[PDB]
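**Q** any chance you could fold what I've pasted below:
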Amino acid sequence: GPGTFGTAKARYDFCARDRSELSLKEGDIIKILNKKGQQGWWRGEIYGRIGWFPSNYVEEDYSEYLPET
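**A** Residues are numbered from 1 along each chain as shown. What follows is the structure:
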């Protein structure tokens, strides 16, 4: 399956014009849920807001969130 990848840090202040679109915002992270593929868009959420967003405006597998020491 798509499995859990991680997240996608937005690189461009997006603006969802609909409810089917994901509300991206530079300096924000996009929780990866599904990956249609290595081309198109990715399905994630933000602040509890689900939608779709391009992977050309976001960045994934950039950093990890290791647990506390």
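**Q** next up, the contacts around the most centrally placed residue in the chain.
**A** The geometric centre of the chain, computed from its C-alpha atoms, lies nearest to residue 30 (Cα atoms, centre = their mean), at 2.9 Å. Neighbouring residues of residue 30 by Cβ atoms under 8 Å, 6 or more residues apart in numbering: 7-10, 22, 24, 42, 44-46, 53, 58, 60. (C-beta placed from N, C-alpha, C; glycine too.)
**Q** ok, the residues you listed vs residue 68, which is closest?
**A** If you rank the contacts of residue 30 by distance to residue 68 using Cβ to Cβ, residue 7 comes first, at 17.8 Å.
**Q** what separates the closest residue to the closest one other than its chain neighbours from residue 17, distance-wise?
**A** Distances taken as Cβ to Cβ, 6 or more residues apart in numbering place residue 29 nearest to residue 7, at 4.4 Å, with adjacent residues excluded. Distance check for residue 29 against residue 17: by Cβ to Cβ, to the nearest Å, it reads 21 Å.
**Q** list the buried residues in stretch 21-37.
**A** Residues 21-24, 28-32, 35 are the ones in stretch 21-37 that count as buried (16 or more other Cβ atoms under 10 Å).
**Q** and these as TSV, adding distance to residue 64 and secondary structure?
**A** Listed next are the buried residues of stretch 21-37 as TSV, based on distance: Cβ to Cβ, whole Å; DSSP: H, G, I helix; E, B strand; the rest coil:
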residue	distance to residue 64	secondary structure
21	28	strand
22	22	coil
23	24	coil
24	21	coil
28	17	coil
29	12	strand
30	16	strand
31	15	strand
32	13	strand
35	18	coil
